[PDB]
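In this chain, numbering begins with 1 at the start of the sequence shown. Both counts, for ligands and for their atoms, begin at 1 and track the order of listing. These numbers come from the heavy atoms of this one structure, side chains and all, not from hydrogens, waters or symmetry mates.
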Amino acid sequence: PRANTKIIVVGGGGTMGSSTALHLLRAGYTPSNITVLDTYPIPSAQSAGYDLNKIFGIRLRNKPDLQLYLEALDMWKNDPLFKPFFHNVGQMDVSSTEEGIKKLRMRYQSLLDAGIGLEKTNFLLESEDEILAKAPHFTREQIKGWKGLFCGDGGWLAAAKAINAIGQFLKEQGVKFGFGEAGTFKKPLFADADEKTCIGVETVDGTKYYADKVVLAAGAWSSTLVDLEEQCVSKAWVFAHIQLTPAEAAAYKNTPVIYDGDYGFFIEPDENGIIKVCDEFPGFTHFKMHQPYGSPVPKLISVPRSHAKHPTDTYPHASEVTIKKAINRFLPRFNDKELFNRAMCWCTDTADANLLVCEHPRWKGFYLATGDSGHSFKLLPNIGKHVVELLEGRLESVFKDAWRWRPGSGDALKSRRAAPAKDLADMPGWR
Ligand SMILES: *Cc1cc2c(cc1C)nc1c(=O)[nH]c(=O)nc-1n2C[C@H](O)[C@H](O)[C@H](O)COP(=O)(O)OP(=O)(O)OC[C@H]1O[C@@H](n2cnc3c(N)ncnc32)[C@H](O)[C@@H]1O
Ligand SMILES: O=C(O)CSC[C@@]1(O)OC[C@@H](O)[C@@H](O)[C@@H]1O
């Protein structure tokens with residue numbers, strides 16, 4: 001029974017883990033029976049979700065994407081917990097290249113092909129005037145030859161604030177926590193030597209926690225903690241910030257998120273005048289000698305270099321270049337603004353960019369909830385609902401089949417991106 005079942009959520013201070021703990025409580029699990037184990041207190045300072053903001057938008061790449069997006073949208077708009085953090089300013093993808101404009105048009109046509117009426121809130125913008133109408137901060141000269149795809153249901157999400165909001169509730173309810181070494185997963189605990197039955201976890205300080213079920217929602221670290229058999233390859237993306245005065249920020253108030261696949265994106269200034277800028281590239285790995293559990297020997301694994309643990313890192317010189325190109329493309333009036341709070345943010349890619357959400361094939365009672373593939377902050381409100389369905393043997397096949405255990409299913413180093421990721425050992429300047 002739910003009220004009598006003990007769950008441990010490893011990575012419970014991050015995106016998928018906090019969502020899961022939330023939905024355990026909403027399903028009627030007893031709060032004191034839920035233990036969140038995260039290296040950092042929620043919201044985890046090293047979580048990919050520990051960010052001023054993130055984009056919410058529709059992206060149909062795999063079978064469950066449409067239902068997941070609609071689910072999330074409903075809750076970002078209507079869930080009392082999450083709705084303060086969704087800013088429905090819309091999103092506009094732009095391009096001025098022949099191939100880029102082709103991609104926009106095809107993406108639009110894919111929305112239409114869903115047959116549910118997405119054309120009502122998503123529009124191709126074929127003229128300069130139409131683009132300026134949605135994004136008045138542009139100049140007419142700047143956008144010569146641009147085409148746009150405007151997604152009206154999109155916007156941005158106050159990410160760290162939303163995870164904090166879950167955390168405050170978990171703590172009010174009396175969820176148990178472990179942080180630091182007493183919150184850092186070392187290995188699963190098993191009833192027998194055959195490791196067919198997981199009964200808990202041990203953390204790096206030696207603390208043992210017993211439970212009926214364990215959820216590994218450790219994001220970019222999951223692949224380092226247990227042997228995922230190269231199903232997940234962890235990668236770093238980059239961002240920088242720029243500071244605008246209130247008068248500079250005024251032109252951007254409630255302006256849509258702007259994205260171009262050849263450059264990256266920026267989000268409107270937050271309440272303190274801060275604009276976050278990202279480039280667009282296939283990410284950086286960080287291979288280092290490492291030892292995951294369930295692996296007989298140390299493998300080469302891409303392991304996050306955590307900014308929270310080493311705030312003196314930034315990002316490579318090549319990233320400074322591409323983030324400045326993005327600023328020149330979108331925000332040329334701010335070309336002289338100083339970049340700051342430069343950082344790397346870690347995700348873990350599967351081969352096909354589907355989640356990896358399933359019971360471990362051998363370790364019964366141990367569940368994976370990872371493979372975020374760099375596009376899952378938007379699922380904060382709803383993904384925990386399906387993790388709980390999975391725990392309970394009620395997960396529908398559209399999700400179950402997409403999220404299944406699948407070693408050897410393709411190359412996660414390239415994933416659905418333009419190229420295999422380069423490694424930080426080959427990129428100077430971040431250290
Ligand atoms: C990097 C990034 C990602 C991103 C984005 C921009 C950047 C730069 N923009 C996005 C956007 O606009 N829209 C969107 O939907 N997603 C976007 N993303 C992706 C998003 O950040 C990630 O997909 C998502 O947040 C990942 O969720 P997940 O839960 O998988 O990962 P996490 O939040 O990092 O949580 C992992 C937690 O695990 C803890 N941890 C790590 N090691 C341990 C051990 N050993 N024991 C216990 N806990 C552990 C971490 O502390 C973390 O809290
Ligand atoms: O999933 C989305 O709607 C946008 S994710 C934004 C982003 O920075 O997330 C991290 C990486 O996946 C990047 O490729 C990507 O541009």
Problem set entry | Nearest neighbour in protein (non-hydrogen) for atom 29 (O) of ligand 1 | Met16 N, 2.9 Å
Problem set entry | Polar contact flag for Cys278 and ligand 1 (N/O pairs, less than 3.5 Å) | no
Exercise. How about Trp346 and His307: are their ring centres within less than 6.0 Å of each other?
Worked result: no
Exercise. With ring centroids as reference points, do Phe366 and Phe190 lie under 6.0 angstrom apart?
Worked result: no
Exercise. Do any N or O atoms from the side chain of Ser44 and from the backbone of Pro41 form a donor-acceptor pair under 3.5 angstrom?
Worked result: no
Seminar exercise, completed: If we number the atoms of ligand 1 from 1 as shown, the ones under 4.0 Å from a heavy atom of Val10 are 46 (N), 47 (C)
Problem set entry | Donor + acceptor pair across side chains of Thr203, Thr184 (<3.5 Å) | no
For this session: Taking atom types as modelled, find out whether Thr285 and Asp423 have a side-chain donor-acceptor pair closer than 3.5 angstrom.
Result: yes
Exercise. Can you tell me the protein heavy atom closest to atom 13 (N) of ligand 1 and the distance?
Worked result: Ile55 O, 2.9 Å
Problem set entry | Under 3.5 Å side-chain donor-acceptor pair for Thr121 and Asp153 | yes
Exercise. What residue and heavy atom of the protein are closest to atom 31 (O) of ligand 1, and at what distance?
Worked result: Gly219 CA, 3.4 Å
Problem set entry | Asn62-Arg416 side chain donor-acceptor pair, cut-off 3.5 Å | yes
Problem set entry | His241/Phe239 aromatic ring centres below 6.0 Å | yes
For this session: For ligand 1, find out whether one of its N or O atoms is nearer than 3.5 Å to an N or O atom of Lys378.
Result: yes
Exercise. Would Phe138 and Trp146 count as a close aromatic pair, with their ring centres under 6.0 Å?
Worked result: yes
Seminar exercise, completed: re atom 10 (C) of ligand 1, the protein heavy-atom contact at minimum distance is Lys54 CD, 3.6 Å
Exercise. Considering only heavy atoms of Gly13, which atoms of ligand 1 have at least one such atom less than 4.0 Å away?
Worked result: 53 (O)
Exercise. Quick one: does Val238 get an N or O within less than 3.5 Å of an N or O on ligand 1?
Worked result: no
Exercise. What part of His375, side chain, backbone, both or neither, has a heavy atom within less than 4.0 angstrom of ligand 1?
Worked result: backbone
Exercise. Any N/O of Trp237 closer than 3.5 Å to an N/O of ligand 1?
Worked result: no
For this session: Indicate whether the side chain of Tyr108 and that of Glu119 have a donor and an acceptor atom separated by less than 3.5 Å.
Result: no
Exercise. Would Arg305 and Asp313 count as a salt bridge (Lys or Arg N to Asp or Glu O under 4.0 Å) if you check the C-alpha gap in whole Å, the side-chain angles of each, and the deciding distance to 0.1 Å?
Worked result: CA-CA 9 Å; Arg305 176 134 185 91; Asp313 285 346; 2.8 Å; yes
Identify all pairs of nitrogen or oxygen atoms, one from ligand 2 and one from the protein, separated by less than 3.5 Å, and list them with distances.
from, atom 1, to, atom 2, distance (Å)
ligand 2, 1 (O), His375, ND1, 2.9
ligand 2, 1 (O), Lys378, NZ, 3.0
ligand 2, 3 (O), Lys378, NZ, 2.6
ligand 2, 9 (O), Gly374, O, 3.0
ligand 2, 12 (O), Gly374, O, 3.1
ligand 2, 12 (O), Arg417, NH1, 3.1
ligand 2, 12 (O), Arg417, NH2, 3.2
ligand 2, 14 (O), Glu280, OE1, 2.7
ligand 2, 14 (O), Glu280, OE2, 3.4
ligand 2, 14 (O), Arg417, NH1, 3.0
ligand 2, 16 (O), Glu280, OE2, 2.9

For this session: Please report which non-hydrogen protein atom sits nearest to atom 8 (C) of ligand 1, along with the residue it belongs to and the distance in Å to one decimal place.
Result: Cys345 SG, 3.5 Å
For this session: Looking only at distances, please establish whether an N/O atom of ligand 1 is found under 3.5 Å from an N/O atom of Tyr40.
Result: no
Problem set entry | Pairs where residues 365-382 contributes a residue and the test salt bridge (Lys or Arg N to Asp or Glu O under 4.0 Å) is met, not counting sequence neighbours | none
Exercise. Any N/O of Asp372 closer than 3.5 Å to an N/O of ligand 1?
Worked result: yes
Exercise. With a distance cut-off below 6.0 Å to the six-membered ring centre and an angular limit of 45° from the axis, does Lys134 pair with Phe150 as a cation-pi contact?
Worked result: yes
For this session: Consider only side-chain N and O atoms of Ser302 and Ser234, and report whether a donor and an acceptor are under 3.5 Å apart.
Result: no
Exercise. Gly49 heavy atoms, cut-off 4.0 Å: which ligand 1 atoms fall inside?
Worked result: 25 (O), 33 (O)
For this session: Mind telling me whether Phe399 and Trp403 have parallel, tilted or perpendicular rings, with 30° and 60° as the class edges?
Result: parallel
For this session: Examine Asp38 against ligand 1 and note whether any of their N/O atoms are separated by less than 3.5 Å.
Result: yes
Exercise. Does any N/O atom on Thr15 come nearer than 3.5 Å to any N/O atom on ligand 1?
Worked result: yes
Exercise. Strictly by modelled atom types, are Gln46 and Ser306 linked by a side-chain donor-acceptor pair under 3.5 Å?
Worked result: yes
Problem set entry | atom 17 (C) of ligand 1 [closest protein heavy-atom partner, distance rounded to 0.1 Å] | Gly374 O, 3.7 Å
Problem set entry | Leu37 and ligand 1 - part of the residue with a heavy-atom distance under 4.0 Å | backbone
Exercise. Got the closest protein heavy atom to atom 47 (C) of ligand 1, with its distance?
Worked result: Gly183 O, 3.2 Å
Exercise. What protein heavy atom sits nearest atom 44 (C) of ligand 1, and how far away is it?
Worked result: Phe185 N, 3.6 Å
Problem set entry | Aromatic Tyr293 / basic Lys187 pairing, under 6.0 angstrom, 45° off normal | no
For this session: Quick one: look at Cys347 and ligand 1, take heavy-atom pairs under 4.0 Å, and tell me if it's side chain, backbone, both or neither.
Result: side chain
Exercise. Between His317 and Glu320, is any side-chain donor less than 3.5 angstrom from a side-chain acceptor?
Worked result: no
Problem set entry | Contacting atoms of ligand 1, where contact means under 4.0 angstrom from a heavy atom of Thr39 | 43 (C), 44 (C), 47 (C), 48 (N)
Exercise. Would you say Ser376 has any N or O atom under 3.5 Å from an N or O of ligand 1, going by distance alone?
Worked result: yes
Exercise. When the ring centroid of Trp156 is compared with that of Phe56, is the distance short of 6.0 Å?
Worked result: no
Exercise. Quick one: do the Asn53 and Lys276 side chains pair a donor with an acceptor below 3.5 Å?
Worked result: yes
Exercise. Is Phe377 touching ligand 1 with its side chain, its backbone, both, or neither, if touching means heavy atoms under 4.0 Å apart?
Worked result: both
Problem set entry | Contact atoms of ligand 1, heavy-atom distance to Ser44 under 4.0 Å | 50 (C), 51 (O), 52 (C), 53 (O)
Exercise. For ligand 1, which atoms, with element, lie under 4.0 Å from some heavy atom of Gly14?
Worked result: 33 (O), 35 (O), 53 (O)
For this session: Return the option from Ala159, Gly11, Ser306, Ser18 holding the heavy atom at the smallest distance from atom 38 (O) of ligand 1.
Result: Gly11
Exercise. Of all the heavy atoms in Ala218, does at least one lie under 4.0 Å from an atom in ligand 1?
Worked result: yes
For this session: For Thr184 and ligand 1, answer yes if some heavy atom of the residue is under 4.0 Å from a ligand atom, otherwise no.
Result: yes
Exercise. Does the side chain of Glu71 pick up a donor-acceptor pair with the side chain of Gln67 at under 3.5 Å?
Worked result: yes
